[PDB]
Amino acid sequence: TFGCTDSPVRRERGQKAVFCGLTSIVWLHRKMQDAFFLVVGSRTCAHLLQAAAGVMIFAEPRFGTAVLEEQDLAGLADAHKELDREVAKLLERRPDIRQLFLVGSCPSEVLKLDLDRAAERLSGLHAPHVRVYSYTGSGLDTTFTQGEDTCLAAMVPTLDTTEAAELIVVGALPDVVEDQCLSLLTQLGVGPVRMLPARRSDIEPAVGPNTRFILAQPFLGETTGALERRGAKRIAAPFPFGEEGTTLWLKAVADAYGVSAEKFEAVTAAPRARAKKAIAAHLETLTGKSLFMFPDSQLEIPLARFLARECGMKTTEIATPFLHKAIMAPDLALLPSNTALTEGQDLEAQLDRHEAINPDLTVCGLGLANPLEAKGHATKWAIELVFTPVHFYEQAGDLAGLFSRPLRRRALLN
């Protein structure tokens, strides 16, 4: 009754309701204190960033958009000279920035601006103080969190070379989560360990043929590839959500570093018992409830896995915008075997599926949430799950809280 390794996944293509990778800039620039993300794109792009950033827009954030005007279209031009002038204007009024990201859009790609050549020339003109990279965040090639993936993967080639056997935890996490993570691993005696991305540009990790890395976020296919391309080796593990997820995550690392079950159960039992008790508060309203997840983030499979096994939810259709067979394998292994799995989507088709299924809780984007509520369905908007601390032990109870809450409110309002 658990195991989904061999279940057919519906590869669906059609009308899609998802965010583009440009969105990733929103949480991402917070983590990387030295960085600035310059989107080369249209006013549409500017607008999206604005909508996606809500309050933040007023907090002078280290992202912006080089909005393409009429004459940047009209051929030839110095699309590149324009870009250069804006970049100089930018770097001057902002000398704190140490790494600059030319983030490509749909318009910029359809116009085929060579953002890579741009990043190259600009690295030249602004060394040594500033290093400039290039990566796509467009709707054409990127869904939401996938923008984190393309960013990190662009950084990988340029990282320092080393021969030391070190552990890299890949994926921007909240600082409290990152710290708890770092602590436990030190307590287990794995060391030294570094994050990709790092808090500042000057303390990025090094990579080499003896480097080991483990992923904190499912949506890191590209980064995995570029890291492997440098000689580094992944530790397979399910993603650290819930008590089980975190223990299995930690164990995978311990095992690769030869940590006795002695030291493991010592370091981990306190945090674990704490984690399991926090979850019980929610077991009440959660057990037995059927779950539906629309595709937004690639977090849906492991979160469905957490909800089923640790909160007693029954899965229904779990959809992801992209499904890396190898990375997801650990989690697919523990997902209830009834689960209808979907990669991609056709909106109206999937909504018909939804209507028919009639699920107790639905995870979806803001554009779907209220319409679904209006038609009777309790929802939980997905986007909260990239900004709220959710990974590892102390946030486990809070995690389940994110999903109990709407059901409790639906219950309470009648």
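Numbering starts at 1 and follows the sequence shown. For the two forms, the rigid core is made up of the largest set of C-alpha atoms that agree within 1.5 Å on superposition.
Root mean square Cα distance to the shown form, taken over structures and residues in 5 other deposited structures of this protein after a core fit, is higher for 82-90 when 82-90 and 274-282 are compared. Taking the root mean square of CA deviations in 5 other deposited structures of this protein after fitting on the rigid core, 92-100 and 180-188 differ, and the farther of the two is 92-100.
Of the two segments, 169-177 and 142-150, the one listed with the higher mean B-factor is 169-177 (C-alpha atoms only). For the two regions 48-56 and 384-392, the entry's Cα B-factors average higher over 384-392. The top Cα temperature factor in the record, among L283, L291, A237, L100, falls on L283. Highest C-alpha temperature factor among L215, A79, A340, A304 per the entry: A79. Ranked within its chain, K233 lands in the lowest third, by CA B factor from the PDB record. When the modelled residues of the chain are ordered by C-alpha B-factor, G14 sits in the highest third.
When the modelled residues of the chain are ordered by their C-alpha B factor, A127 lands in the highest third. In this PDB entry, the Cα temperature factor of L227 sits in the bottom third of its chain's modelled residues, the lowest group. Sorting the modelled residues of the chain by their CA temperature factor places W249 in the middle third.
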